[PDB]
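J.: I have a structure I would like to understand better, so I am pasting it below and will then ask my questions one at a time.
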Amino acid sequence: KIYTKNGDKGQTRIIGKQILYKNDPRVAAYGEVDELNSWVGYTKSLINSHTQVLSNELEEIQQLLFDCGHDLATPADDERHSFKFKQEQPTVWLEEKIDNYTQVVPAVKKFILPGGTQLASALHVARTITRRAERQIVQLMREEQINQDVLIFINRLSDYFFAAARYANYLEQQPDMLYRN
Amino acid sequence: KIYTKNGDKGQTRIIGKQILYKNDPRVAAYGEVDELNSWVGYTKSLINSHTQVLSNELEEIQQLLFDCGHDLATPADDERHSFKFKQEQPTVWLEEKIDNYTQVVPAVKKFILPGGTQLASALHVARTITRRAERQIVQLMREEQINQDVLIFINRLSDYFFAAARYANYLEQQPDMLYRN
Amino acid sequence: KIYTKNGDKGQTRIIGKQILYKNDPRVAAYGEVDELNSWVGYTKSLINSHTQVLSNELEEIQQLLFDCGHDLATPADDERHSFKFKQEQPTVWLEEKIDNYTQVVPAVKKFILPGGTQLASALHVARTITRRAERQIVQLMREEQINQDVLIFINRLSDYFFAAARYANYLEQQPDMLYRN
Ligand SMILES: Nc1ncnc2c1ncn2[C@@H]1O[C@H](COP(=O)(O)OP(=O)(O)OP(=O)(O)O)[C@@H](O)[C@H]1O
Ligand SMILES: Nc1ncnc2c1ncn2[C@@H]1O[C@H](COP(=O)(O)OP(=O)(O)OP(=O)(O)O)[C@@H](O)[C@H]1O
Ligand SMILES: Nc1ncnc2c1ncn2[C@@H]1O[C@H](COP(=O)(O)OP(=O)(O)OP(=O)(O)O)[C@@H](O)[C@H]1O
Ligand SMILES: [Mg+2]
Ligand SMILES: [Mg+2]
Ligand SMILES: [Mg+2]
């Protein structure tokens, strides 16, 4: 059975033997990353012929977020369990994409508001959910030692979603939504 | 008029006469369940011919979540108002569905990542929003006496969404997304 | 480049020179409004021929939310920077719409559950995300002086989404979902 009922009184296991309340900042950080992952899965379900080029990298992002969640669930001083996530190559990978997408899209002009195509709009939602997860990761960091690589990546990731959102609009010839002064 | 403006200074009524700030953990718990309910409504709007079998139980879940919200809004020591939600039959009902859906879907293999069809992806989002509500319910529980039946149900409910998500993928012959080691 | 990396250690700038941790209630309030804005962009991407009448006002709401976010990011005692958002005309504008939509839709009957058409369901999600942002705005208010006009507007805005959701259902001849006693 997938249900143990062990969590019925509001406590849960993390990586290692530690049992925490589900409102613990560590469990919250893990959960926000999990919710982001689910949103990314939802976003990739909206891909069409015009935007198929985005499918692979979204899948890779889900893989990377699973690793982020693992590390958030891992106490830094746990002898038996260690961090698995390293920021350097995934973050440089994001930066390459941010750079590429930023140059191909039209120069603006005004501040950009979230929206456009359904996919671009979803990528904008991904941006804001990433930022929500980031806040909770910072909450955890202020109480416990974390894998700081996760925070670097999650910071960069919301810029990725912004750039990818603009690019998704561009791919369907949809103008970005702009703030009118 | 649906607006009283009574809430314009950030306070609000619960069940009974009590007035709380909108950031009170009780109001937050109620609100997270309400947001879950809205997400379930959104999810059921995505049902197609292949997945029509899921419509009725999602509607029943919305009914049950309304009852959960009521009880979260009810102080335990309120003489005039009492809990209405009982976990036993709804939770056994969920468990029956979890069991059925778990056996019909393919055995894996790897850890499952959220995604697949738009409906399955939405059900995965429902899973994570349920867990977010659960954390806030636990926050409330740590400060105030709650209807513990609500927590049992909400715990089980996220397993329901996981199982139903896999089942929704299965119903459209879509493989579950898997974590690559 | 859109990424400075200045935020990689979990701190960020607001309006003016102040640097805050990303989990600061002010940054959280700003972020929740931003997430609402993205959800509104997503919602407006779902508009069809039957509901095109809702497009313009949703766009105006995104403009207004950008102004709300600005003011939430502005300390009240900052000499160099001031509040830009005034509630009176936008809120009266919402109230006019709430009144109109409330009278055209069928009288009920039972408590309304969120759902119906995909757009109506999305507008119901907008309602709950607005309320989530409202809670965080109240959290900030309890620690710092805020532009209280933002809170008035955000309070009213969730009633707008409720009314607009019902109206969106009505526009496609879809009955509201009702709670069965
Ligand atoms: N509400 C939640 N939010 C975020 N993370 C959670 C939540 N509940 C559990 N977790 C984390 O996700 C993992 C898997 O969740 P699961 O629901 O199986 O655990 P549980 O609730 O403790 O057990 P059960 O549901 O079987 O009673 C947990 O081991 C814990 O690390
Ligand atoms: N932001 C919120 N988040 C979660 N729950 C809320 C929120 N605001 C109100 N509630 C709860 O939902 C109920 C209905 O909300 P409603 O918006 O009508 O109340 P209000 O804001 O106090 O009044 P008004 O909007 O008429 O000024 C409230 O009585 C309260 O229990
Ligand atoms: N996680 C977050 N949640 C909500 N608001 C944020 C978050 N991060 C930054 N902000 C706010 O949004 C603005 C723009 O975000 P941005 O990501 O560019 O800032 P940063 O993270 O400090 O810098 P960088 O991403 O370049 O390292 C910030 O100046 C701050 O006001
Ligand atoms: Mg940043
Ligand atoms: Mg559980
Ligand atoms: Mg209100």
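By order in the structure tokens, chains are A, B, ...; within a chain, residues start at 1; ligands start at 1, following the order shown.
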Any idea what's packed within 10 Å of residue 78 in chain A, counting only C-alpha atoms, ignoring anything in its chain fewer than 6 positions away? Could you give it as a list in words?
T.: residues 15, 16, 17 and 18 of chain A
J.: Might you pull out every residue within 10 Å of residue 57 in chain C, with only C-alpha atoms counted and same-chain residues fewer than 4 positions away left off, and present them as a VMD selection string?
T.: chain C and resid 44 53 61 to 63 93 to 94 97
J.: Return the single residue from A:139, A:130, A:147, A:49 that is closest to ligand 3, with distances computed using only C-alpha atoms and all ligand atoms.
T.: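 Going through A:139, A:130, A:147, A:49 one by one, the smallest distance to ligand 3 is for A:130.
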J.: Sorted by chain and rising residue number, which residues of chain A lie within 8 Å of chain C, and what are their closest atom pairs and distances in Å to one decimal, counting only C-alpha atoms, as a Markdown table?
T.:
| residue | atom | partner | partner_atom | distance |
| --- | --- | --- | --- | --- |
| A:98 | CA | C:2 | CA | 7.9 |
| A:99 | CA | C:1 | CA | 7.0 |
| A:113 | CA | C:62 | CA | 7.3 |
| A:114 | CA | C:38 | CA | 5.0 |
| A:115 | CA | C:41 | CA | 4.1 |
| A:116 | CA | C:45 | CA | 6.4 |
| A:117 | CA | C:45 | CA | 5.9 |
| A:118 | CA | C:45 | CA | 5.2 |
| A:121 | CA | C:42 | CA | 4.8 |
| A:122 | CA | C:42 | CA | 6.2 |
| A:124 | CA | C:38 | CA | 5.8 |
| A:125 | CA | C:38 | CA | 5.1 |
| A:128 | CA | C:35 | CA | 5.0 |
| A:129 | CA | C:35 | CA | 6.9 |
| A:131 | CA | C:31 | CA | 7.2 |
| A:132 | CA | C:31 | CA | 6.9 |
| A:134 | CA | C:22 | CA | 7.4 |
| A:135 | CA | C:23 | CA | 4.6 |
| A:136 | CA | C:23 | CA | 6.4 |
| A:138 | CA | C:10 | CA | 5.7 |
| A:139 | CA | C:23 | CA | 5.5 |
| A:148 | CA | C:9 | CA | 7.6 |
| A:151 | CA | C:8 | CA | 6.5 |
| A:152 | CA | C:8 | CA | 4.9 |
| A:155 | CA | C:8 | CA | 6.2 |
| A:156 | CA | C:3 | CA | 7.1 |
| A:159 | CA | C:3 | CA | 6.7 |
| A:179 | CA | C:63 | CA | 6.1 |
| A:180 | CA | C:63 | CA | 7.3 |
J.: Can you give me chain B superposed onto chain C, least-squares on all Cα in order, written as a JSON list (two decimals) with C-alpha atoms, in the first residue's frame?
T.:
[["chain", "number", "residue", "atom", "x", "y", "z"],
["B", 1, "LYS", "CA", 22.07, 39.87, -18.57],
["B", 2, "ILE", "CA", 18.81, 39.47, -16.65],
["B", 3, "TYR", "CA", 20.67, 37.60, -13.82],
["B", 4, "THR", "CA", 22.99, 39.57, -11.50],
["B", 5, "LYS", "CA", 23.53, 36.66, -9.04],
["B", 6, "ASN", "CA", 23.24, 39.25, -6.24],
["B", 7, "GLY", "CA", 20.35, 37.17, -4.88],
["B", 8, "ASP", "CA", 22.33, 33.89, -4.69],
["B", 9, "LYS", "CA", 22.72, 34.06, -0.87],
["B", 10, "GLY", "CA", 19.01, 34.62, -0.33],
["B", 11, "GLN", "CA", 18.91, 38.42, -0.02],
["B", 12, "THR", "CA", 17.26, 40.91, -2.38],
["B", 13, "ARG", "CA", 16.54, 44.62, -2.93],
["B", 14, "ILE", "CA", 13.16, 46.29, -2.50],
["B", 15, "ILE", "CA", 12.14, 49.84, -3.53],
["B", 16, "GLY", "CA", 14.91, 52.09, -2.22],
["B", 17, "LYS", "CA", 18.22, 50.89, -0.86],
["B", 18, "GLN", "CA", 16.91, 48.33, 1.67],
["B", 19, "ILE", "CA", 18.16, 44.74, 1.37],
["B", 20, "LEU", "CA", 15.94, 42.04, 2.86],
["B", 21, "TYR", "CA", 16.01, 38.26, 3.10],
["B", 22, "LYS", "CA", 13.72, 36.65, 0.52],
["B", 23, "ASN", "CA", 11.56, 35.12, 3.32],
["B", 24, "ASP", "CA", 10.94, 38.62, 4.77],
["B", 25, "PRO", "CA", 7.13, 39.20, 5.06],
["B", 26, "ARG", "CA", 7.48, 42.21, 2.72],
["B", 27, "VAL", "CA", 9.18, 40.14, 0.00],
["B", 28, "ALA", "CA", 6.60, 37.38, 0.56],
["B", 29, "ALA", "CA", 3.73, 39.87, 0.18],
["B", 30, "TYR", "CA", 5.23, 41.19, -3.04],
["B", 31, "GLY", "CA", 5.78, 37.62, -4.29],
["B", 32, "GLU", "CA", 2.22, 36.48, -3.57],
["B", 33, "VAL", "CA", 0.83, 39.44, -5.55],
["B", 34, "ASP", "CA", 3.25, 38.57, -8.38],
["B", 35, "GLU", "CA", 2.03, 34.95, -8.31],
["B", 36, "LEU", "CA", -1.58, 36.23, -8.44],
["B", 37, "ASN", "CA", -0.65, 38.41, -11.45],
["B", 38, "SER", "CA", 0.81, 35.37, -13.23],
["B", 39, "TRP", "CA", -2.33, 33.37, -12.45],
["B", 40, "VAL", "CA", -4.49, 36.19, -13.92],
["B", 41, "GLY", "CA", -2.30, 36.10, -17.07],
["B", 42, "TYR", "CA", -2.87, 32.34, -17.23],
["B", 43, "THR", "CA", -6.63, 32.80, -16.70],
["B", 44, "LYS", "CA", -6.88, 35.38, -19.52],
["B", 45, "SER", "CA", -5.10, 32.88, -21.86],
["B", 46, "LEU", "CA", -8.18, 30.59, -21.43],
["B", 47, "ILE", "CA", -10.69, 33.16, -22.69],
["B", 48, "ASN", "CA", -12.77, 31.99, -25.66],
["B", 49, "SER", "CA", -15.38, 33.56, -27.97],
["B", 50, "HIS", "CA", -18.10, 33.14, -25.29],
["B", 51, "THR", "CA", -16.08, 35.02, -22.66],
["B", 52, "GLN", "CA", -14.13, 37.59, -24.68],
["B", 53, "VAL", "CA", -16.01, 40.33, -22.79],
["B", 54, "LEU", "CA", -13.79, 39.51, -19.77],
["B", 55, "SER", "CA", -10.44, 40.04, -21.52],
["B", 56, "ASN", "CA", -10.05, 43.80, -21.07],
["B", 57, "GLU", "CA", -10.86, 43.93, -17.36],
["B", 58, "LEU", "CA", -8.48, 41.06, -16.58],
["B", 59, "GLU", "CA", -5.71, 43.00, -18.36],
["B", 60, "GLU", "CA", -6.58, 46.10, -16.30],
["B", 61, "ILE", "CA", -6.42, 43.96, -13.13],
["B", 62, "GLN", "CA", -2.86, 42.88, -14.07],
["B", 63, "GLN", "CA", -1.89, 46.56, -14.44],
["B", 64, "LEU", "CA", -3.40, 47.33, -11.02],
["B", 65, "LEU", "CA", -1.65, 44.35, -9.39],
["B", 66, "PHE", "CA", 1.70, 45.58, -10.73],
["B", 67, "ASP", "CA", 1.01, 48.88, -8.90],
["B", 68, "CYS", "CA", 0.01, 46.97, -5.75],
["B", 69, "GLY", "CA", 3.31, 45.04, -5.87],
["B", 70, "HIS", "CA", 5.28, 48.27, -6.23],
["B", 71, "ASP", "CA", 3.66, 49.73, -3.14],
["B", 72, "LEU", "CA", 4.13, 46.56, -1.10],
["B", 73, "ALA", "CA", 7.83, 46.81, -1.96],
["B", 74, "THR", "CA", 7.96, 50.40, -0.69],
["B", 75, "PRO", "CA", 8.71, 51.19, 2.97],
["B", 76, "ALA", "CA", 6.26, 53.79, 4.32],
["B", 77, "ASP", "CA", 9.03, 55.95, 5.78],
["B", 78, "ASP", "CA", 11.21, 56.00, 2.64],
["B", 79, "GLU", "CA", 11.79, 59.68, 1.87],
["B", 80, "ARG", "CA", 12.87, 59.08, -1.73],
["B", 81, "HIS", "CA", 10.02, 56.72, -2.67],
["B", 82, "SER", "CA", 6.25, 56.98, -2.18],
["B", 83, "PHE", "CA", 3.06, 54.93, -2.62],
["B", 84, "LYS", "CA", 1.49, 55.13, -6.08],
["B", 85, "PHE", "CA", -1.65, 53.01, -5.56],
["B", 86, "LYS", "CA", -5.03, 54.57, -4.69],
["B", 87, "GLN", "CA", -7.98, 52.28, -4.00],
["B", 88, "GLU", "CA", -11.01, 54.47, -4.61],
["B", 89, "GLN", "CA", -11.52, 54.34, -8.37],
["B", 90, "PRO", "CA", -10.23, 50.78, -8.99],
["B", 91, "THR", "CA", -12.31, 49.45, -6.08],
["B", 92, "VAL", "CA", -15.49, 51.26, -7.10],
["B", 93, "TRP", "CA", -14.80, 49.87, -10.61],
["B", 94, "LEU", "CA", -14.65, 46.33, -9.15],
["B", 95, "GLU", "CA", -17.82, 46.91, -7.13],
["B", 96, "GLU", "CA", -19.72, 48.00, -10.28],
["B", 97, "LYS", "CA", -18.66, 44.74, -11.94],
["B", 98, "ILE", "CA", -19.50, 42.66, -8.85],
["B", 99, "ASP", "CA", -22.97, 44.24, -8.75],
["B", 100, "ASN", "CA", -23.62, 43.73, -12.48],
["B", 101, "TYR", "CA", -22.42, 40.11, -12.49],
["B", 102, "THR", "CA", -24.32, 39.24, -9.29],
["B", 103, "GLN", "CA", -27.69, 40.32, -10.74],
["B", 104, "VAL", "CA", -27.38, 38.64, -14.18],
["B", 105, "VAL", "CA", -26.50, 35.18, -12.79],
["B", 106, "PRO", "CA", -29.10, 32.73, -11.40],
["B", 107, "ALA", "CA", -30.15, 33.04, -7.77],
["B", 108, "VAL", "CA", -29.06, 30.13, -5.55],
["B", 109, "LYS", "CA", -30.10, 28.19, -3.38],
["B", 110, "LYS", "CA", -27.06, 26.30, -2.03],
["B", 111, "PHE", "CA", -23.49, 27.30, -1.19],
["B", 112, "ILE", "CA", -21.42, 27.51, -4.37],
["B", 113, "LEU", "CA", -18.38, 25.29, -4.85],
["B", 114, "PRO", "CA", -15.57, 26.38, -7.18],
["B", 115, "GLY", "CA", -15.66, 24.94, -10.70],
["B", 116, "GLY", "CA", -17.64, 24.70, -13.94],
["B", 117, "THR", "CA", -16.08, 25.75, -17.20],
["B", 118, "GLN", "CA", -12.29, 25.86, -17.45],
["B", 119, "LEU", "CA", -12.38, 29.68, -17.39],
["B", 120, "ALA", "CA", -14.85, 29.84, -14.48],
["B", 121, "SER", "CA", -12.71, 27.29, -12.64],
["B", 122, "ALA", "CA", -9.61, 29.40, -13.32],
["B", 123, "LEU", "CA", -11.39, 32.51, -12.01],
["B", 124, "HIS", "CA", -12.22, 30.54, -8.86],
["B", 125, "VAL", "CA", -8.52, 29.67, -8.52],
["B", 126, "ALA", "CA", -7.81, 33.39, -8.97],
["B", 127, "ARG", "CA", -10.20, 34.05, -6.05],
["B", 128, "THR", "CA", -8.26, 31.72, -3.72],
["B", 129, "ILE", "CA", -4.81, 32.95, -4.79],
["B", 130, "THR", "CA", -6.02, 36.53, -4.19],
["B", 131, "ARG", "CA", -7.05, 35.49, -0.67],
["B", 132, "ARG", "CA", -3.64, 33.82, -0.14],
["B", 133, "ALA", "CA", -1.94, 37.09, -1.16],
["B", 134, "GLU", "CA", -4.32, 38.98, 1.18],
["B", 135, "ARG", "CA", -3.22, 36.86, 4.14],
["B", 136, "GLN", "CA", 0.43, 37.67, 3.43],
["B", 137, "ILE", "CA", -0.37, 41.39, 3.05],
["B", 138, "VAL", "CA", -2.01, 41.24, 6.48],
["B", 139, "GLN", "CA", 1.11, 39.49, 7.87],
["B", 140, "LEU", "CA", 3.21, 42.42, 6.60],
["B", 141, "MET", "CA", 0.71, 45.00, 7.98],
["B", 142, "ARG", "CA", 1.01, 43.50, 11.44],
["B", 143, "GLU", "CA", 4.80, 44.18, 11.40],
["B", 144, "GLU", "CA", 5.15, 47.32, 9.22],
["B", 145, "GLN", "CA", 3.19, 50.31, 7.97],
["B", 146, "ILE", "CA", 1.73, 49.50, 4.55],
["B", 147, "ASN", "CA", -0.37, 51.20, 1.94],
["B", 148, "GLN", "CA", -3.75, 50.22, 3.38],
["B", 149, "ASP", "CA", -5.32, 51.02, -0.02],
["B", 150, "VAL", "CA", -3.67, 47.88, -1.38],
["B", 151, "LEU", "CA", -5.44, 45.76, 1.26],
["B", 152, "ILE", "CA", -8.85, 47.32, 0.52],
["B", 153, "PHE", "CA", -8.40, 46.58, -3.18],
["B", 154, "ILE", "CA", -7.13, 43.01, -2.65],
["B", 155, "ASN", "CA", -10.00, 42.28, -0.30],
["B", 156, "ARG", "CA", -12.53, 43.48, -2.90],
["B", 157, "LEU", "CA", -10.66, 41.72, -5.73],
["B", 158, "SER", "CA", -11.42, 38.21, -4.46],
["B", 159, "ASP", "CA", -15.15, 39.08, -4.48],
["B", 160, "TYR", "CA", -14.64, 40.27, -8.06],
["B", 161, "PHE", "CA", -13.19, 36.89, -9.00],
["B", 162, "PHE", "CA", -16.09, 35.07, -7.32],
["B", 163, "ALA", "CA", -18.67, 37.17, -9.23],
["B", 164, "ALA", "CA", -16.69, 36.95, -12.52],
["B", 165, "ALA", "CA", -16.38, 33.17, -12.07],
["B", 166, "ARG", "CA", -20.18, 32.82, -11.75],
["B", 167, "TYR", "CA", -20.59, 35.16, -14.73],
["B", 168, "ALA", "CA", -18.14, 33.11, -16.81],
["B", 169, "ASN", "CA", -20.17, 29.96, -16.08],
["B", 170, "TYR", "CA", -23.36, 31.85, -17.00],
["B", 171, "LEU", "CA", -21.81, 33.01, -20.31],
["B", 172, "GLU", "CA", -21.35, 29.37, -21.36],
["B", 173, "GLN", "CA", -24.70, 28.17, -19.90],
["B", 174, "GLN", "CA", -22.90, 26.13, -17.26],
["B", 175, "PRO", "CA", -24.64, 25.84, -13.86],
["B", 176, "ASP", "CA", -22.60, 26.78, -10.79],
["B", 177, "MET", "CA", -21.43, 23.83, -8.71],
["B", 178, "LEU", "CA", -23.48, 23.63, -5.50],
["B", 179, "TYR", "CA", -22.80, 22.15, -2.08],
["B", 180, "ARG", "CA", -25.25, 19.36, -1.30],
["B", 181, "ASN", "CA", -26.27, 19.66, 2.39]]
J.: List every residue of range 1-180 of chain B that DSSP, applied to the backbone, labels as alpha helix (DSSP H), and write the result as a ChimeraX atom specification.
T.: /B:25-44,55-72,88-104,118-141,148-171
J.: Filtering to C-alpha atoms, could you give me those residues as a JSON list (two decimals), in the first residue's frame?
T.:
[["chain", "number", "residue", "atom", "x", "y", "z"],
["B", 25, "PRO", "CA", -3.05, 30.13, 11.22],
["B", 26, "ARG", "CA", -6.73, 29.13, 11.42],
["B", 27, "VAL", "CA", -7.73, 31.47, 8.57],
["B", 28, "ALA", "CA", -4.67, 30.29, 6.61],
["B", 29, "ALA", "CA", -5.65, 26.63, 7.12],
["B", 30, "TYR", "CA", -9.18, 27.37, 5.94],
["B", 31, "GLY", "CA", -7.81, 29.32, 2.94],
["B", 32, "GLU", "CA", -5.40, 26.58, 1.84],
["B", 33, "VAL", "CA", -8.26, 24.03, 1.84],
["B", 34, "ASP", "CA", -10.35, 26.52, -0.17],
["B", 35, "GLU", "CA", -7.49, 26.92, -2.67],
["B", 36, "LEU", "CA", -7.26, 23.11, -2.92],
["B", 37, "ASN", "CA", -11.03, 22.96, -3.56],
["B", 38, "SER", "CA", -10.66, 25.51, -6.38],
["B", 39, "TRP", "CA", -7.78, 23.51, -7.85],
["B", 40, "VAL", "CA", -9.95, 20.34, -7.78],
["B", 41, "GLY", "CA", -12.71, 22.28, -9.60],
["B", 42, "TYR", "CA", -10.12, 23.33, -12.18],
["B", 43, "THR", "CA", -8.85, 19.73, -12.49],
["B", 44, "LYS", "CA", -12.38, 18.35, -13.06],
["B", 55, "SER", "CA", -15.67, 13.13, -12.60],
["B", 56, "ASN", "CA", -18.01, 11.92, -9.85],
["B", 57, "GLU", "CA", -15.35, 11.23, -7.22],
["B", 58, "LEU", "CA", -13.69, 14.61, -7.79],
["B", 59, "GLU", "CA", -17.07, 16.28, -7.20],
["B", 60, "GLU", "CA", -17.48, 14.24, -3.98],
["B", 61, "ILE", "CA", -13.98, 15.36, -2.90],
["B", 62, "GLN", "CA", -15.05, 19.02, -3.33],
["B", 63, "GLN", "CA", -18.07, 18.36, -1.08],
["B", 64, "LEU", "CA", -15.81, 16.76, 1.53],
["B", 65, "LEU", "CA", -13.30, 19.63, 1.36],
["B", 66, "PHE", "CA", -16.10, 22.12, 2.00],
["B", 67, "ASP", "CA", -16.86, 20.17, 5.21],
["B", 68, "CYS", "CA", -13.15, 20.14, 6.11],
["B", 69, "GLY", "CA", -13.01, 23.95, 5.70],
["B", 70, "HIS", "CA", -16.05, 24.38, 7.94],
["B", 71, "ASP", "CA", -14.43, 22.37, 10.71],
["B", 72, "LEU", "CA", -11.11, 24.18, 10.40],
["B", 88, "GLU", "CA", -13.80, 7.03, 8.70],
["B", 89, "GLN", "CA", -16.07, 6.52, 5.69],
["B", 90, "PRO", "CA", -14.52, 9.16, 3.38],
["B", 91, "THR", "CA", -11.01, 7.91, 4.18],
["B", 92, "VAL", "CA", -11.87, 4.24, 3.70],
["B", 93, "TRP", "CA", -13.52, 5.35, 0.41],
["B", 94, "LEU", "CA", -10.22, 7.00, -0.64],
["B", 95, "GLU", "CA", -8.23, 3.93, 0.39],
["B", 96, "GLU", "CA", -10.44, 1.67, -1.77],
["B", 97, "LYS", "CA", -9.72, 3.95, -4.74],
["B", 98, "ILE", "CA", -6.00, 4.13, -3.95],
["B", 99, "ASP", "CA", -5.85, 0.32, -3.81],
["B", 100, "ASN", "CA", -7.80, -0.15, -7.06],
["B", 101, "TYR", "CA", -5.78, 2.45, -8.99],
["B", 102, "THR", "CA", -2.43, 1.17, -7.65],
["B", 103, "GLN", "CA", -3.03, -2.39, -8.94],
["B", 104, "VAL", "CA", -4.30, -1.49, -12.45],
["B", 118, "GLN", "CA", -2.88, 17.46, -18.80],
["B", 119, "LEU", "CA", -5.35, 15.79, -16.43],
["B", 120, "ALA", "CA", -2.71, 13.56, -14.82],
["B", 121, "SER", "CA", -0.47, 16.61, -14.46],
["B", 122, "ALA", "CA", -3.35, 18.53, -12.85],
["B", 123, "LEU", "CA", -3.97, 15.65, -10.43],
["B", 124, "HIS", "CA", -0.27, 15.80, -9.52],
["B", 125, "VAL", "CA", -0.67, 19.53, -8.84],
["B", 126, "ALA", "CA", -3.69, 18.62, -6.70],
["B", 127, "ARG", "CA", -1.40, 16.24, -4.74],
["B", 128, "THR", "CA", 1.09, 19.04, -3.95],
["B", 129, "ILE", "CA", -1.57, 21.63, -3.08],
["B", 130, "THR", "CA", -3.17, 19.05, -0.74],
["B", 131, "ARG", "CA", 0.22, 18.64, 0.96],
["B", 132, "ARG", "CA", 0.57, 22.46, 1.22],
["B", 133, "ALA", "CA", -2.85, 22.61, 2.92],
["B", 134, "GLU", "CA", -1.76, 19.72, 5.20],
["B", 135, "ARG", "CA", 1.27, 21.68, 6.39],
["B", 136, "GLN", "CA", -0.93, 24.64, 7.31],
["B", 137, "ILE", "CA", -3.41, 22.35, 9.11],
["B", 138, "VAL", "CA", -0.48, 21.01, 11.13],
["B", 139, "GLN", "CA", 0.60, 24.61, 11.90],
["B", 140, "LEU", "CA", -2.89, 25.26, 13.32],
["B", 141, "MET", "CA", -2.87, 21.95, 15.28],
["B", 148, "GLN", "CA", -7.98, 15.61, 13.92],
["B", 149, "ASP", "CA", -10.28, 13.76, 11.47],
["B", 150, "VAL", "CA", -9.64, 16.53, 8.96],
["B", 151, "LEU", "CA", -5.87, 15.87, 9.15],
["B", 152, "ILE", "CA", -6.30, 12.11, 8.67],
["B", 153, "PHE", "CA", -8.42, 12.73, 5.58],
["B", 154, "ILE", "CA", -6.10, 15.38, 4.11],
["B", 155, "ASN", "CA", -3.11, 13.14, 4.66],
["B", 156, "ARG", "CA", -4.83, 10.28, 2.80],
["B", 157, "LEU", "CA", -6.16, 12.64, 0.11],
["B", 158, "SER", "CA", -2.71, 13.44, -1.31],
["B", 159, "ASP", "CA", -2.10, 9.69, -1.77],
["B", 160, "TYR", "CA", -5.45, 9.56, -3.56],
["B", 161, "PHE", "CA", -4.29, 12.27, -5.97],
["B", 162, "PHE", "CA", -1.01, 10.43, -6.60],
["B", 163, "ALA", "CA", -2.85, 7.16, -7.40],
["B", 164, "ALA", "CA", -5.55, 8.97, -9.45],
["B", 165, "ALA", "CA", -2.82, 10.84, -11.38],
["B", 166, "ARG", "CA", -1.14, 7.54, -12.35],
["B", 167, "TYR", "CA", -4.56, 6.11, -13.23],
["B", 168, "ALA", "CA", -5.38, 9.14, -15.40],
["B", 169, "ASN", "CA", -2.13, 8.63, -17.32],
["B", 170, "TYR", "CA", -2.97, 4.92, -17.67],
["B", 171, "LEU", "CA", -6.46, 5.76, -19.01]]
